[PDB]
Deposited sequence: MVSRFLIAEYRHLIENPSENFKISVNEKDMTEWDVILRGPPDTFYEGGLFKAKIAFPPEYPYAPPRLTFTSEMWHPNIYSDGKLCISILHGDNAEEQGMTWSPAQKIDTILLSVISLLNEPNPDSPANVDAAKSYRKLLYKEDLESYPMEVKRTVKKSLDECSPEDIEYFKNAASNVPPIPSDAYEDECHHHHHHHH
């Protein structure tokens, strides 16, 4: 519980341009994140809620990451599991980077993968982007104006 608590205080002291964290009031072993969609990508105006659940042992076991928000990405499953093994500070900023560079190896969510392939091979130029803009719109709907404040703001 001790590294956690240092990292946690570290992050609250050092607010990030592109994620808010906070402890799950109910569950100590979970942090609620919102990570902002990378600009100049389909995820442009994101704010995607998810949960980092630390197992009992943590440092020994890796933290699990699950999106609350509906996501459209080939590497995120339909339930929002994103298997960390691909690529906390670092982990979030890595996930942000992955949103815009799907990994063609593990195709967690098939529909999103097909859809991305279709964009790449110029078979369908409209779906993948619009499927993301959907999850973006939905995310802001599901986002308290307190939350929306934090971000564009801590961008100056």
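Requested in this report: Give the ranges of the deposited sequence, numbered from 1, for which the structure holds no C-alpha coordinates, in sequence order.
Outcome: Since the structure holds only modelled residues, the stretches it omits are 1 to 2, 90 to 106, 176 to 197.
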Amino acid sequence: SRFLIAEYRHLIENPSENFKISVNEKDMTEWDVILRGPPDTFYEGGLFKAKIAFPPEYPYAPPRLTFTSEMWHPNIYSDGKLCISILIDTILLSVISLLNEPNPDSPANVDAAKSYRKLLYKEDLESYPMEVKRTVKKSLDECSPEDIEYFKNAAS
From here on, numbers count along this sequence of modelled residues.
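Query raised in the report: Would 5 to 13 or 129 to 137 have the larger average of its C-alpha temperature factors, as given in the entry?
Result: Higher of the two, by average CA B-factor, is 5 to 13.
Query raised in the report: Quick one: which of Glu70, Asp124, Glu101, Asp105 has the biggest Cα B-factor according to the entry?
Result: Reading the PDB entry, the winner on C-alpha B-factor is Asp105.
Requested in this report: Choose from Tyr116, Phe48, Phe42, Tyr58 the residue with the greatest Cα B-factor as stated in the PDB record.
Outcome: Among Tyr116, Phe48, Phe42, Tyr58, the highest C-alpha B-factor in the entry belongs to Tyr58.
**Report entry** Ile88 CA temperature factor, ranked by third within the chain
**Finding:** CA B-factor rank for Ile88: highest third.
Requested in this report: Check where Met28 lands among this chain's C-alpha B-factors and tell me if it's the lowest, middle or highest third.
Outcome: Highest third - that is where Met28 ends up once the chain's C-alpha B-factors are sorted.
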